[PDB]
file structure.cif (mmCIF, C-alpha atoms and all ligand atoms)
data_my_file
loop_
_atom_site.label_atom_id
_atom_site.label_comp_id
_atom_site.auth_asym_id
_atom_site.auth_seq_id
_atom_site.Cartn_x
_atom_site.Cartn_y
_atom_site.Cartn_z
CA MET A 1 -17.68 -41.58 -113.88
CA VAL A 2 -14.82 -38.97 -114.06
CA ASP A 3 -12.69 -40.80 -116.62
CA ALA A 4 -13.25 -38.69 -119.75
CA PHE A 5 -11.88 -35.67 -117.83
CA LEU A 6 -8.57 -37.38 -117.05
CA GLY A 7 -5.37 -36.37 -118.80
CA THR A 8 -3.30 -33.37 -119.79
CA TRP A 9 -5.12 -30.37 -121.23
CA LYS A 10 -3.85 -27.14 -122.86
CA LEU A 11 -5.70 -23.76 -122.86
CA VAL A 12 -6.76 -22.88 -126.42
CA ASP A 13 -9.47 -20.18 -125.92
CA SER A 14 -10.50 -17.78 -123.16
CA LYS A 15 -13.51 -15.48 -122.85
CA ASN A 16 -14.10 -12.99 -120.02
CA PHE A 17 -11.25 -14.17 -117.78
CA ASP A 18 -10.34 -10.56 -117.01
CA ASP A 19 -13.91 -9.93 -115.85
CA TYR A 20 -13.75 -12.98 -113.59
CA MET A 21 -10.37 -12.03 -112.11
CA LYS A 22 -11.46 -8.45 -111.59
CA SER A 23 -14.59 -9.66 -109.74
CA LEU A 24 -12.31 -11.61 -107.41
CA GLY A 25 -10.18 -8.49 -106.74
CA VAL A 26 -7.11 -9.60 -108.67
CA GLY A 27 -4.88 -6.59 -109.37
CA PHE A 28 -4.28 -5.18 -112.83
CA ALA A 29 -0.67 -6.36 -113.22
CA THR A 30 -1.57 -9.94 -112.35
CA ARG A 31 -4.56 -9.81 -114.72
CA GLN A 32 -2.09 -8.65 -117.55
CA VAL A 33 0.13 -11.64 -117.05
CA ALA A 34 -2.80 -14.05 -116.64
CA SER A 35 -4.45 -12.77 -119.85
CA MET A 36 -1.35 -13.90 -121.81
CA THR A 37 -0.82 -17.23 -120.00
CA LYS A 38 -1.93 -20.61 -121.36
CA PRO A 39 -1.95 -23.06 -118.48
CA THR A 40 -1.64 -26.80 -118.67
CA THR A 41 -4.22 -28.64 -116.53
CA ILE A 42 -3.51 -32.25 -115.53
CA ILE A 43 -6.32 -34.30 -113.99
CA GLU A 44 -5.36 -37.73 -112.56
CA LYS A 45 -7.10 -40.28 -110.32
CA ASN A 46 -5.88 -42.94 -107.96
CA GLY A 47 -8.86 -44.83 -106.65
CA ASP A 48 -11.27 -42.36 -105.09
CA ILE A 49 -8.72 -39.50 -105.03
CA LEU A 50 -8.47 -36.98 -107.84
CA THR A 51 -5.50 -34.66 -108.28
CA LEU A 52 -5.84 -31.53 -110.42
CA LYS A 53 -2.65 -29.67 -111.34
CA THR A 54 -2.58 -26.29 -113.09
CA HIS A 55 0.85 -25.34 -114.43
CA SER A 56 2.26 -22.01 -115.67
CA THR A 57 5.54 -20.06 -115.54
CA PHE A 58 4.51 -17.62 -112.79
CA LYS A 59 2.08 -19.82 -110.87
CA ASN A 60 1.35 -23.44 -110.35
CA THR A 61 -1.40 -25.00 -108.25
CA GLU A 62 -2.29 -28.53 -107.19
CA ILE A 63 -5.28 -29.89 -105.30
CA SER A 64 -6.23 -33.42 -104.26
CA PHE A 65 -9.74 -34.38 -103.22
CA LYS A 66 -12.39 -37.08 -103.09
CA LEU A 67 -15.61 -36.27 -104.95
CA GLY A 68 -18.27 -35.09 -102.57
CA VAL A 69 -15.94 -34.49 -99.61
CA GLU A 70 -15.08 -30.93 -98.55
CA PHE A 71 -11.41 -29.90 -98.56
CA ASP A 72 -9.45 -26.78 -97.70
CA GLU A 73 -7.88 -24.99 -100.68
CA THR A 74 -5.63 -22.00 -101.19
CA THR A 75 -6.34 -20.67 -104.68
CA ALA A 76 -3.90 -19.26 -107.24
CA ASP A 77 -4.89 -15.74 -106.13
CA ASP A 78 -4.37 -16.70 -102.42
CA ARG A 79 -7.99 -17.05 -101.28
CA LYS A 80 -8.36 -19.58 -98.44
CA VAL A 81 -11.57 -21.37 -99.31
CA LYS A 82 -13.71 -24.38 -98.39
CA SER A 83 -14.15 -26.50 -101.53
CA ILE A 84 -16.11 -29.44 -102.80
CA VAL A 85 -16.01 -31.11 -106.23
CA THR A 86 -18.87 -33.27 -107.44
CA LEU A 87 -20.33 -34.66 -110.74
CA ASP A 88 -23.58 -32.99 -111.75
CA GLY A 89 -25.18 -33.76 -115.05
CA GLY A 90 -21.90 -35.31 -116.20
CA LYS A 91 -20.06 -32.05 -115.40
CA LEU A 92 -17.28 -31.79 -112.85
CA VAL A 93 -18.54 -28.95 -110.52
CA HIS A 94 -16.02 -27.33 -108.14
CA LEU A 95 -17.62 -24.95 -105.58
CA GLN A 96 -15.40 -22.64 -103.45
CA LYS A 97 -16.75 -20.78 -100.41
CA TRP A 98 -15.06 -18.06 -98.35
CA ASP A 99 -16.20 -14.94 -96.46
CA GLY A 100 -19.83 -15.75 -97.36
CA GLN A 101 -18.85 -15.56 -101.07
CA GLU A 102 -18.94 -18.38 -103.60
CA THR A 103 -17.47 -19.16 -106.99
CA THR A 104 -18.08 -22.15 -109.22
CA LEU A 105 -15.66 -23.78 -111.66
CA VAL A 106 -17.67 -26.10 -113.94
CA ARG A 107 -15.98 -28.47 -116.40
CA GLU A 108 -17.76 -30.28 -119.19
CA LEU A 109 -16.76 -32.12 -122.29
CA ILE A 110 -18.15 -30.84 -125.63
CA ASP A 111 -16.89 -32.47 -128.87
CA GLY A 112 -13.72 -33.75 -127.09
CA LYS A 113 -12.85 -30.30 -125.64
CA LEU A 114 -12.90 -29.46 -121.95
CA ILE A 115 -15.00 -26.32 -121.35
CA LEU A 116 -14.36 -24.59 -118.01
CA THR A 117 -17.00 -22.07 -116.94
CA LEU A 118 -16.02 -19.80 -114.03
CA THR A 119 -18.72 -17.74 -112.29
CA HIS A 120 -18.27 -15.16 -109.51
CA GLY A 121 -20.70 -12.33 -108.90
CA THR A 122 -22.17 -11.60 -112.31
CA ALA A 123 -18.95 -12.44 -114.17
CA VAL A 124 -18.99 -15.57 -116.33
CA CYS A 125 -15.77 -16.75 -117.98
CA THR A 126 -15.53 -19.60 -120.47
CA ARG A 127 -12.02 -21.33 -120.97
CA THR A 128 -11.55 -24.07 -123.54
CA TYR A 129 -8.88 -26.74 -123.12
CA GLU A 130 -7.70 -29.31 -125.68
CA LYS A 131 -6.30 -32.70 -124.76
CA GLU A 132 -2.62 -33.44 -125.12
CA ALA A 133 -1.65 -36.94 -126.39
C1 LIG B 201 -2.59 -21.07 -112.08
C2 LIG B 201 -3.75 -20.06 -112.36
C3 LIG B 201 -3.98 -19.73 -113.81
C4 LIG B 201 -2.85 -18.96 -114.47
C5 LIG B 201 -2.40 -17.70 -113.82
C6 LIG B 201 -1.32 -16.93 -114.56
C7 LIG B 201 -0.80 -15.67 -113.89
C8 LIG B 201 0.16 -15.85 -112.74
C9 LIG B 201 0.48 -14.54 -112.08
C10 LIG B 201 0.40 -14.29 -110.75
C11 LIG B 201 -0.04 -15.23 -109.65
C12 LIG B 201 -1.51 -15.07 -109.28
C13 LIG B 201 -2.49 -15.39 -110.41
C14 LIG B 201 -3.96 -15.39 -110.07
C15 LIG B 201 -4.86 -15.44 -111.31
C16 LIG B 201 -6.31 -15.57 -111.11
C17 LIG B 201 -6.74 -16.91 -110.48
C18 LIG B 201 -8.24 -17.13 -110.43
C19 LIG B 201 -8.63 -18.46 -109.95
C20 LIG B 201 -8.15 -19.66 -110.73
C21 LIG B 201 -8.51 -19.61 -112.22
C22 LIG B 201 -8.14 -20.89 -112.93
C23 LIG B 201 -8.30 -20.80 -114.42
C24 LIG B 201 -7.95 -22.05 -115.21
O1 LIG B 201 -7.73 -23.12 -114.60
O2 LIG B 201 -7.91 -21.93 -116.47
#
call {"tool": "encode", "arguments": {"input": "structure.cif", "output": "structure tokens", "more": "lines below"}}
Ligand SMILES: CCCCCCCC/C=C\CCCCCCCCCCCCCC(=O)O
result
Amino acid sequence: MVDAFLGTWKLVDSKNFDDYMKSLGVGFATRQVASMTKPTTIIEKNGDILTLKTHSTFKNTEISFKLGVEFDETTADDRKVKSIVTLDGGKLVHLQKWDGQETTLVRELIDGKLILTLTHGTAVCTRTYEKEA
């Protein structure tokens, strides 16, 4: 069910990421650096466990989870959140909750590209990733 998401992916387009980061309270200097960063995202499975790595010079993250089972997460911007990742409509939907707030990270495949839609508050960011061979 998750298999077309698996592999190594490179950021090739970003829309409204500054809006999204600002909504989360990320400071201006961090937003500068992030606006010029192109992460690599690696999604792997081993049985029922998925591991999602996000790699960049000034920040790396890694999470492991089972679909549909809540996990604790500490995000790149140091929020301590309660997370769950599920498939919905063929999309990989990651929901983070903290302090009564929520954000969603939705991944879908369109024409072989991985489209990541990030929503917090009213801010909606769309990041496009291309698969590495
Ligand atoms: C690893 C996060 C994405 C790249 C960040 C580059 C800038 C690093 C500079 C300082 C460290 C703190 C950065 C925090 C940035 C905002 C994070 C917001 C939540 C995660 C967004 C993931 C986006 C993606 O998956 O494409």
call {"tool": "residues_around", "arguments": {"input": "structure.cif", "residues": "residue 55 (chain A)", "least_positions_apart": "5", "cutoff": "8 Å", "atoms": "all atoms listed in the file", "output": "PDB file with C-alpha atoms, in the frame of the given file"}}
result
ATOM      1  CA  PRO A  39      -1.950 -23.060-118.480  1.00  0.00           C
ATOM      2  CA  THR A  40      -1.640 -26.800-118.670  1.00  0.00           C
ATOM      3  CA  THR A  41      -4.220 -28.640-116.530  1.00  0.00           C
ATOM      4  CA  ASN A  60       1.350 -23.440-110.350  1.00  0.00           C
ATOM      5  CA  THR A  61      -1.400 -25.000-108.250  1.00  0.00           C
TER       6      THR A  61
END
call {"tool": "residues_around", "arguments": {"input": "structure.cif", "residues": "residue 63 (chain A)", "least_positions_apart": "6", "cutoff": "10 Å", "atoms": "only C-alpha atoms", "output": "compact mmCIF listing (two decimals) with C-alpha atoms, in the frame of the given file"}}
result
# COMPACT_ATOMS: atom_id res chain seq x y z
CA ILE A 43 -6.32 -34.30 -113.99
CA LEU A 50 -8.47 -36.98 -107.84
CA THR A 51 -5.50 -34.66 -108.28
CA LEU A 52 -5.84 -31.53 -110.42
CA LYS A 53 -2.65 -29.67 -111.34
CA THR A 54 -2.58 -26.29 -113.09
CA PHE A 71 -11.41 -29.90 -98.56
CA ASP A 72 -9.45 -26.78 -97.70
CA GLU A 73 -7.88 -24.99 -100.68
CA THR A 74 -5.63 -22.00 -101.19
CA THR A 75 -6.34 -20.67 -104.68
call {"tool": "residues_near_ligand", "arguments": {"input": "structure.cif", "ligand": "ligand LIG 201 (chain B)", "cutoff": "9 Å", "atoms": "only C-alpha atoms and all ligand atoms", "output": "PyMOL selection string"}}
result
chain A and resi 11+14+17-18+20-22+24+26-27+29-41+53-62+75-79+105+116+118+126-129
call {"tool": "write_last_selection", "arguments": {"input": "structure.cif", "atoms": "C-alpha atoms", "output": "JSON list (two decimals), keeping the file's coordinate frame"}}
result
[["chain", "number", "residue", "atom", "x", "y", "z"],
["A", 11, "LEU", "CA", -5.70, -23.76, -122.86],
["A", 14, "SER", "CA", -10.50, -17.78, -123.16],
["A", 17, "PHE", "CA", -11.25, -14.17, -117.78],
["A", 18, "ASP", "CA", -10.34, -10.56, -117.01],
["A", 20, "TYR", "CA", -13.75, -12.98, -113.59],
["A", 21, "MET", "CA", -10.37, -12.03, -112.11],
["A", 22, "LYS", "CA", -11.46, -8.45, -111.59],
["A", 24, "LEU", "CA", -12.31, -11.61, -107.41],
["A", 26, "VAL", "CA", -7.11, -9.60, -108.67],
["A", 27, "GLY", "CA", -4.88, -6.59, -109.37],
["A", 29, "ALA", "CA", -0.67, -6.36, -113.22],
["A", 30, "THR", "CA", -1.57, -9.94, -112.35],
["A", 31, "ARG", "CA", -4.56, -9.81, -114.72],
["A", 32, "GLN", "CA", -2.09, -8.65, -117.55],
["A", 33, "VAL", "CA", 0.13, -11.64, -117.05],
["A", 34, "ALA", "CA", -2.80, -14.05, -116.64],
["A", 35, "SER", "CA", -4.45, -12.77, -119.85],
["A", 36, "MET", "CA", -1.35, -13.90, -121.81],
["A", 37, "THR", "CA", -0.82, -17.23, -120.00],
["A", 38, "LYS", "CA", -1.93, -20.61, -121.36],
["A", 39, "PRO", "CA", -1.95, -23.06, -118.48],
["A", 40, "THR", "CA", -1.64, -26.80, -118.67],
["A", 41, "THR", "CA", -4.22, -28.64, -116.53],
["A", 53, "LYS", "CA", -2.65, -29.67, -111.34],
["A", 54, "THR", "CA", -2.58, -26.29, -113.09],
["A", 55, "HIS", "CA", 0.85, -25.34, -114.43],
["A", 56, "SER", "CA", 2.26, -22.01, -115.67],
["A", 57, "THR", "CA", 5.54, -20.06, -115.54],
["A", 58, "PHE", "CA", 4.51, -17.62, -112.79],
["A", 59, "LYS", "CA", 2.08, -19.82, -110.87],
["A", 60, "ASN", "CA", 1.35, -23.44, -110.35],
["A", 61, "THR", "CA", -1.40, -25.00, -108.25],
["A", 62, "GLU", "CA", -2.29, -28.53, -107.19],
["A", 75, "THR", "CA", -6.34, -20.67, -104.68],
["A", 76, "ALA", "CA", -3.90, -19.26, -107.24],
["A", 77, "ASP", "CA", -4.89, -15.74, -106.13],
["A", 78, "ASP", "CA", -4.37, -16.70, -102.42],
["A", 79, "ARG", "CA", -7.99, -17.05, -101.28],
["A", 105, "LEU", "CA", -15.66, -23.78, -111.66],
["A", 116, "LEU", "CA", -14.36, -24.59, -118.01],
["A", 118, "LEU", "CA", -16.02, -19.80, -114.03],
["A", 126, "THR", "CA", -15.53, -19.60, -120.47],
["A", 127, "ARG", "CA", -12.02, -21.33, -120.97],
["A", 128, "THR", "CA", -11.55, -24.07, -123.54],
["A", 129, "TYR", "CA", -8.88, -26.74, -123.12]]
call {"tool": "axis_aligned_box", "arguments": {"input": "structure.cif", "around": "region 63-79 of chain A", "padding_each_side": "6 Å", "output": "AutoDock Vina command-line options"}}
result
--center_x -11.1 --center_y -26.4 --center_z -102.5 --size_x 26.4 --size_y 33.3 --size_z 21.5
call {"tool": "atom_distance", "arguments": {"input": "structure.cif", "atom1": "CA of residue 97 (chain A)", "atom2": "CA of residue 83 (chain A)"}}
result
6.4 Å
call {"tool": "closest_residue", "arguments": {"input": "structure.cif", "among": "A:5, A:19, A:12, A:28", "to": "residue 44 (chain A)", "atoms": "all atoms listed in the file"}}
result
A:5
